[PDB]
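A.B. asks: I am attaching a structure below and will ask some questions about it afterwards.
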Amino acid sequence: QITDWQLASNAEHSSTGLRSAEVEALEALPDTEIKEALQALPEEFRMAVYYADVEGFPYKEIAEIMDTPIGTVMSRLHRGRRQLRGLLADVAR
Amino acid sequence: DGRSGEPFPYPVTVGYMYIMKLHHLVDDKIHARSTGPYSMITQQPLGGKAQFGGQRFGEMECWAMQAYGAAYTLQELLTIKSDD
Amino acid sequence: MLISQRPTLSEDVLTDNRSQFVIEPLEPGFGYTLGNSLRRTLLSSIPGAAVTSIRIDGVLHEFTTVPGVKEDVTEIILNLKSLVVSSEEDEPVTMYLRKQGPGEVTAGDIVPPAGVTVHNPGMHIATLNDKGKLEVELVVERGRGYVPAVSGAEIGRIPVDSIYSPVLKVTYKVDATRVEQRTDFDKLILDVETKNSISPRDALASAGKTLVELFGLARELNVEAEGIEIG
């Protein structure tokens with residue numbers, strides 16, 4: 001049998017360690033920092049940056065999901081990115 | 001008596017004894033866990049203090065729980081507190 | 001030298017003559033510093049009055065049975081020791097108890113001289129039958145604590161156990177109380193039961209004054225820093 005000590009020792013070098021029910025529950029909680037900075041953005045810009053930066057869709061797919069030309073998706077992406085860069089400055093948060 | 005001040009009514013055997021400090025020490029023994037790492041295999045809490053582990057609730061302890069007729073304590077221990 | 005968080009004295013009244021006092025929080029160990037000294041002070045240090053001796057008419061050499069009364073001699077001594085009395089000046093002061101008609105005798109039937117007080121006039125003493133006669137002399141002095149009976153001299157006079165202390169019973173206990181991460185702090189509990197002569201409050205206050213005077217003798221050897229809890 002593999003011992004618990006070996007499991008923990010192996011987890012110390014692993015990309016993701018051994019998480020606990022506490023860490024799970026607190027990670028599932030709202031940020032109350034990032035969420036507030038996202039709600040300050042207008043709904044169109046926060047939606048564009050959500051489908052782009054958070055989700056990872058390519059730009060054309062964002063132009064498809066919400067019905068807008070490419071120009072509004074790109075422009076809303078740049079302006080929403082700028083505003084979110086203003087609303088927070090964090091090396092980590 | 002150092003507390004009241006009264007003398008103890010009877011003579012007490014006193015002297016010098018050689019006493020050793022054994023290697024079972026409460027600093028090593030005390031352990032407590034609310035929540036911690038779990039095994040990737042059985043998905044139960046890890047064992048042992050070094051692993052920040054949980055306590056073993058065994059077959060005989062379940063016999064005790066059943067003799068008490070405590071159903072929700074037993075279920076809670078073996079589900080939401082372990083591998084659920 | 002350093003300041004201590006101030007302890008408080010609280011009173012929980014049980015009966016009129018019975019109270020529990022709580023001194024908390026005390027620094028660890030000090031519940032036993034104050035406890036036995038406060039108990040022995042409450043018991044032995046408070047001046048009060050009681051019956052030193054009695055003389056029963058009709059019985060001198062015998063002392064077993066008293067004719068004309070249901071109670072025997074020692075049963076009269078018992079409830080006469082329960083007599084709650086107070087005096088002013090300290091000299092032996094004689095009183096007299098006499099009754100004729102059948103009935104029951106109480107402490108009110110005793111004739112107090114000027115300067116003494118019977119605080120329990122309803123206390124039963126003896127039962128007089130038909131034609132029974134009751135004549136007894138009760139000496140009263142002021143003292144402290146509990147002095148056993150001190151006799152020869154003139155017959156008929158029996159010294160009795162004299163309960164001078166106005167407090168009947170005292171017991172103390174030290175319980176754990178928590179002050180800021182330390183759960184081992186001391187909590188002093190005093191259970192005191194007294195005669196109606198004084199209240200447990202004034203008894204604890206008199207004990208406080210007595211002990212402050214006593215340790216003042218050591219306080220007088222010098223003036224140097226000590227634990228100061230006031231405020």
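Identifiers in the structure tokens: chain A, B, ... in order shown; residue index from 1 per chain; ligand index from 1 in order shown.
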For residue 66 in chain C, list every protein, DNA or RNA residue within 12 Å, evaluated using only C-alpha atoms, and leave out those in the same chain fewer than 6 positions away; present the list as a VMD selection string.
C.D. replies: chain C and resid 55 to 60 72 to 77 126 to 128 132 to 136
A.B. asks: Write the residues of the preceding selection, restricted to N, CA, C and O atoms, as a CSV table (one decimal), in the first residue's frame.
C.D. replies:
chain,number,residue,atom,x,y,z
C,55,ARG,N,-27.7,28.8,85.4
C,55,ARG,CA,-28.0,28.2,86.6
C,55,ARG,C,-29.4,27.8,86.7
C,55,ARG,O,-30.3,28.7,86.6
C,56,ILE,N,-29.8,26.6,86.8
C,56,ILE,CA,-31.2,26.1,86.8
C,56,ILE,C,-31.6,25.9,88.2
C,56,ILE,O,-30.9,25.1,88.9
C,57,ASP,N,-32.7,26.5,88.6
C,57,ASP,CA,-33.2,26.3,89.9
C,57,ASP,C,-33.8,24.9,90.1
C,57,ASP,O,-34.5,24.4,89.2
C,58,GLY,N,-33.6,24.3,91.2
C,58,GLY,CA,-34.1,23.0,91.5
C,58,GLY,C,-33.2,21.8,91.3
C,58,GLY,O,-33.4,20.7,91.8
C,59,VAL,N,-32.1,22.1,90.5
C,59,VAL,CA,-31.1,21.1,90.2
C,59,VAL,C,-29.7,21.7,90.3
C,59,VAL,O,-29.4,22.7,89.6
C,60,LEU,N,-28.9,21.1,91.2
C,60,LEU,CA,-27.5,21.5,91.3
C,60,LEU,C,-26.6,20.3,91.2
C,60,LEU,O,-25.7,20.2,90.3
C,72,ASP,N,-34.8,17.8,78.9
C,72,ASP,CA,-33.8,17.5,79.9
C,72,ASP,C,-32.9,18.6,80.0
C,72,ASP,O,-33.1,19.7,79.4
C,73,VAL,N,-31.8,18.5,80.8
C,73,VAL,CA,-30.9,19.6,81.0
C,73,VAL,C,-30.1,19.9,79.8
C,73,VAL,O,-30.1,21.1,79.3
C,74,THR,N,-29.5,18.9,79.1
C,74,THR,CA,-28.6,19.2,78.0
C,74,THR,C,-29.5,19.7,76.8
C,74,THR,O,-28.9,20.5,76.0
C,75,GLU,N,-30.7,19.3,76.7
C,75,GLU,CA,-31.6,19.8,75.6
C,75,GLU,C,-31.9,21.3,75.9
C,75,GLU,O,-32.2,22.0,74.9
C,76,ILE,N,-31.9,21.7,77.1
C,76,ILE,CA,-32.0,23.1,77.4
C,76,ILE,C,-30.7,23.9,77.1
C,76,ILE,O,-30.8,25.0,76.6
C,77,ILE,N,-29.6,23.2,77.4
C,77,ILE,CA,-28.3,23.8,77.0
C,77,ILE,C,-28.2,24.0,75.5
C,77,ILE,O,-27.6,25.1,75.1
C,126,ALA,N,-38.3,25.9,76.3
C,126,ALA,CA,-38.7,24.8,77.1
C,126,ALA,C,-40.2,24.7,77.0
C,126,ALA,O,-40.9,25.7,76.6
C,127,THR,N,-40.8,23.5,77.4
C,127,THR,CA,-42.2,23.3,77.5
C,127,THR,C,-42.6,23.1,78.9
C,127,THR,O,-42.2,22.2,79.6
C,128,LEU,N,-43.4,24.0,79.5
C,128,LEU,CA,-43.9,24.0,80.8
C,128,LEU,C,-45.2,23.2,80.9
C,128,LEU,O,-46.2,23.6,80.2
C,132,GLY,N,-45.8,23.3,86.3
C,132,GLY,CA,-44.4,23.4,86.2
C,132,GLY,C,-43.9,24.8,86.3
C,132,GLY,O,-44.5,25.8,85.9
C,133,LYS,N,-42.7,24.9,87.0
C,133,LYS,CA,-42.1,26.2,87.2
C,133,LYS,C,-40.7,26.2,86.6
C,133,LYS,O,-39.9,25.2,86.7
C,134,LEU,N,-40.3,27.3,85.9
C,134,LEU,CA,-39.1,27.4,85.2
C,134,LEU,C,-38.3,28.7,85.7
C,134,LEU,O,-38.8,29.8,85.5
C,135,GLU,N,-37.2,28.5,86.3
C,135,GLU,CA,-36.3,29.6,86.8
C,135,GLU,C,-34.9,29.2,86.5
C,135,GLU,O,-34.3,28.2,86.9
C,136,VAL,N,-34.2,30.1,85.7
C,136,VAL,CA,-32.9,29.9,85.2
C,136,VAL,C,-32.2,31.2,85.0
C,136,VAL,O,-32.8,32.2,84.6
A.B. asks: If the cut-off is 7 Å, can you tell me the residues of chain A near chain B, counting only C-alpha atoms? I'd like them as a short mmCIF file (atom, residue, chain, number, x, y, z; two decimals) with N, CA and C atoms, in the first residue's frame.
C.D. replies:
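Contents of the output file iface_16.cif:
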data_model
loop_
_atom_site.label_atom_id
_atom_site.label_comp_id
_atom_site.auth_asym_id
_atom_site.auth_seq_id
_atom_site.Cartn_x
_atom_site.Cartn_y
_atom_site.Cartn_z
N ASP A 4 0.29 7.36 3.49
CA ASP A 4 -0.11 8.76 3.46
C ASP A 4 1.10 9.69 3.43
N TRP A 5 2.20 9.30 4.08
CA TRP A 5 3.41 10.10 4.04
C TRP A 5 3.94 10.23 2.61
N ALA A 8 1.65 12.66 0.65
CA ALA A 8 1.91 14.06 0.97
C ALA A 8 3.25 14.52 0.41
N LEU A 18 -2.38 18.88 -2.12
CA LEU A 18 -3.56 18.24 -1.58
C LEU A 18 -4.43 19.32 -0.95
N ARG A 19 -5.52 19.65 -1.62
CA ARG A 19 -6.45 20.65 -1.14
C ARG A 19 -7.40 20.05 -0.11
N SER A 20 -7.94 20.91 0.73
CA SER A 20 -8.82 20.51 1.81
C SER A 20 -10.20 21.09 1.57
N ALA A 21 -11.21 20.47 2.20
CA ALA A 21 -12.59 20.94 2.04
C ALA A 21 -12.71 22.43 2.31
N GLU A 22 -11.92 22.93 3.26
CA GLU A 22 -11.89 24.37 3.52
C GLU A 22 -11.42 25.14 2.30
#
A.B. asks: So how far away is CA of residue 225 in chain C from CA of residue 21 in chain C, in Å?
C.D. replies: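 Interatomic distance here is 28.9 Å.
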A.B. asks: With the cut-off set at 12 Å and counting only C-alpha atoms, tabulate each residue of chain B with an atom at most that distance from an atom of chain C, showing the nearest atom pair and its distance in Å to one decimal, ordered by chain and increasing number, as a tab-separated table.
C.D. replies:
residue	atom	partner	partner_atom	distance
B:1	CA	C:32	CA	10.9
B:2	CA	C:32	CA	8.9
B:3	CA	C:32	CA	5.5
B:4	CA	C:36	CA	5.5
B:5	CA	C:36	CA	8.0
B:6	CA	C:36	CA	9.4
A.B. asks: Would you please work out which residue, of C:153, C:22, C:205, C:114, is nearest to residue 175 in chain C when using only C-alpha atoms?
C.D. replies: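 Between C:153, C:22, C:205, C:114, the residue approaching residue 175 in chain C most closely is C:22.
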A.B. asks: Give me every helix (DSSP H, G or I) residue in range 28-73 of chain A, going by DSSP on the backbone, as number ranges by chain.
C.D. replies: A: 34-40, 43-54, 59-65, 70-73
A.B. asks: The selected residues should be written to file as a PDB file, in the first residue's frame (atoms: C-alpha atoms).
C.D. replies:
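In the end it all went to selection_25.pdb:
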ATOM      1  CA  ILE A  34     -12.501  41.280  -8.681  1.00  0.00           C
ATOM      2  CA  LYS A  35     -16.296  40.949  -8.783  1.00  0.00           C
ATOM      3  CA  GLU A  36     -16.755  44.583  -7.729  1.00  0.00           C
ATOM      4  CA  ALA A  37     -14.281  45.798 -10.361  1.00  0.00           C
ATOM      5  CA  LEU A  38     -16.146  43.749 -12.982  1.00  0.00           C
ATOM      6  CA  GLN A  39     -19.562  45.108 -11.975  1.00  0.00           C
ATOM      7  CA  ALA A  40     -18.257  48.676 -12.304  1.00  0.00           C
ATOM      8  CA  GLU A  43     -22.349  45.160 -19.141  1.00  0.00           C
ATOM      9  CA  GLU A  44     -21.137  45.101 -22.757  1.00  0.00           C
ATOM     10  CA  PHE A  45     -17.469  45.619 -21.873  1.00  0.00           C
ATOM     11  CA  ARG A  46     -17.489  43.158 -18.966  1.00  0.00           C
ATOM     12  CA  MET A  47     -19.198  40.614 -21.228  1.00  0.00           C
ATOM     13  CA  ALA A  48     -16.590  41.085 -23.967  1.00  0.00           C
ATOM     14  CA  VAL A  49     -13.681  40.758 -21.535  1.00  0.00           C
ATOM     15  CA  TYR A  50     -15.430  37.779 -19.915  1.00  0.00           C
ATOM     16  CA  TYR A  51     -15.731  35.875 -23.195  1.00  0.00           C
ATOM     17  CA  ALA A  52     -12.218  36.993 -24.226  1.00  0.00           C
ATOM     18  CA  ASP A  53      -9.813  37.026 -21.283  1.00  0.00           C
ATOM     19  CA  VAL A  54     -11.646  34.836 -18.758  1.00  0.00           C
ATOM     20  CA  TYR A  59     -12.421  37.328 -31.208  1.00  0.00           C
ATOM     21  CA  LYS A  60     -14.632  36.214 -34.110  1.00  0.00           C
ATOM     22  CA  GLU A  61     -16.461  33.816 -31.790  1.00  0.00           C
ATOM     23  CA  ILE A  62     -17.110  36.720 -29.410  1.00  0.00           C
ATOM     24  CA  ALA A  63     -18.520  38.657 -32.370  1.00  0.00           C
ATOM     25  CA  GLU A  64     -20.815  35.669 -32.954  1.00  0.00           C
ATOM     26  CA  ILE A  65     -21.929  34.974 -29.361  1.00  0.00           C
ATOM     27  CA  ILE A  70     -15.964  42.795 -34.980  1.00  0.00           C
ATOM     28  CA  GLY A  71     -15.328  46.493 -34.356  1.00  0.00           C
ATOM     29  CA  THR A  72     -17.477  46.770 -31.233  1.00  0.00           C
ATOM     30  CA  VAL A  73     -16.050  43.536 -29.811  1.00  0.00           C
TER      31      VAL A  73
END
A.B. asks: In Å, how far is it from CA of residue 160 in chain C to CA of residue 85 in chain C?
C.D. replies: 15.1 Å
